[PDB]
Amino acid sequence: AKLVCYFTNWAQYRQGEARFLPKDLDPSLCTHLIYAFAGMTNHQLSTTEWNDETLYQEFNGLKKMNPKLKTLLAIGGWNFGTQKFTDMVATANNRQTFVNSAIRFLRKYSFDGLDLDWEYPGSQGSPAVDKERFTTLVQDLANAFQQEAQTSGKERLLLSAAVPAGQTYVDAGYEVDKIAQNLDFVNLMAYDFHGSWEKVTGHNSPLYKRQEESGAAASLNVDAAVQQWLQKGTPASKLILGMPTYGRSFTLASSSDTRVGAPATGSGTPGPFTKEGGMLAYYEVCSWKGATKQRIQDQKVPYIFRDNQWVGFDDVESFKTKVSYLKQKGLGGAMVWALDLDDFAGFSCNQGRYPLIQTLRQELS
């Protein structure tokens, strides 16, 4: 089984004990490490942080300690947008420019593969034709990687993609059956199901729907997402179940109603270290004092509230439950966003180093 872990190149700017660099990564924790995020310049893969070239070397240097470890570079993310992907996939010439720049870049910096994190083809401004052009891009990359492995004798570069769980996004941009044949694995983002963009509280990553949910709402859960990707043609062994080491927060319309689905007025207070209203790292929630934690019976995940703050997150128990689930479905393993959001240095939760991801490793093994 695979344990795919995302590293983020901006965590290096967090203050104090929250700062995360390649030196903070446990070489033996995961089977695959994915570096987020690379960008694109004139249809060619490019760095996004001033010191990426140096970080790339340290990152792939982890393989000197654990030779079995595989690394990949992820391109995209939310802030990257969609325009550059749309323009690049528009013509065969532009796609070749990208594909060849990707091979060179990955070989130059010693990455074992490429992870596509376009958010998303067919959505967020990307036109309908991008659903099929994304398929062409994936085919172009698979073809090129196969060819390069053959001409160079080197191990074939891996190709994966971080894909959405929401039916709306999946239908608008992914020909699942087609792309699945060309991807080595699929990183299912089985999280971000609910967030402060919604007017009521909801859990970031519920395993199942609430009994009272119906319609489209009843599909905003992990089980529905997994069933969807399998039903549309994804080989179980290629479906890697994403797990979040962070939660999503809301400010309540009233401290008197702290239920799942209670009216909310917007994002919860930004965390002291992550500083992003609407989310909190596991290490920012695991030790909340004077708070009240409760488990959502039907969804098998917890939430915690204090005064007018409400946060739905994942803990050791929910991660255990989800791995049992993925094993029961025969999935290819677990994926996690992100290394720097777990209590990596064991400074906050009194649960040792990487309490959440270590749980994934132990449960998978």
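A residue's number is simply how far along the shown sequence it sits, counting from 1.
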| item | value |
| --- | --- |
| Between 267 to 275 and 111 to 119 (mean CA B-factor, as deposited), the higher | 267 to 275 |
| Residue range whose averaged C-alpha B-factor is higher in the record, 147 to 155 or 80 to 88 | 147 to 155 |
| Top Cα B factor in the deposited entry, candidates 103, 138, 180, 218 | 218 |
| Maximum C-alpha temperature factor, selected from 237, 201, 287, 97 | 287 |
| For residue 321, the third of its chain into which the C-alpha B factor falls | middle |
| Chain thirds of CA B-factor: placement of residue 8 | lowest |
| Third of the chain's Cα B-factor distribution that residue 55 belongs to, per the entry | lowest |
| Third of the chain's Cα B-factor distribution that residue 355 belongs to, per the entry | lowest |
| Third assignment of residue 327 from its chain's C-alpha B-factors | highest |
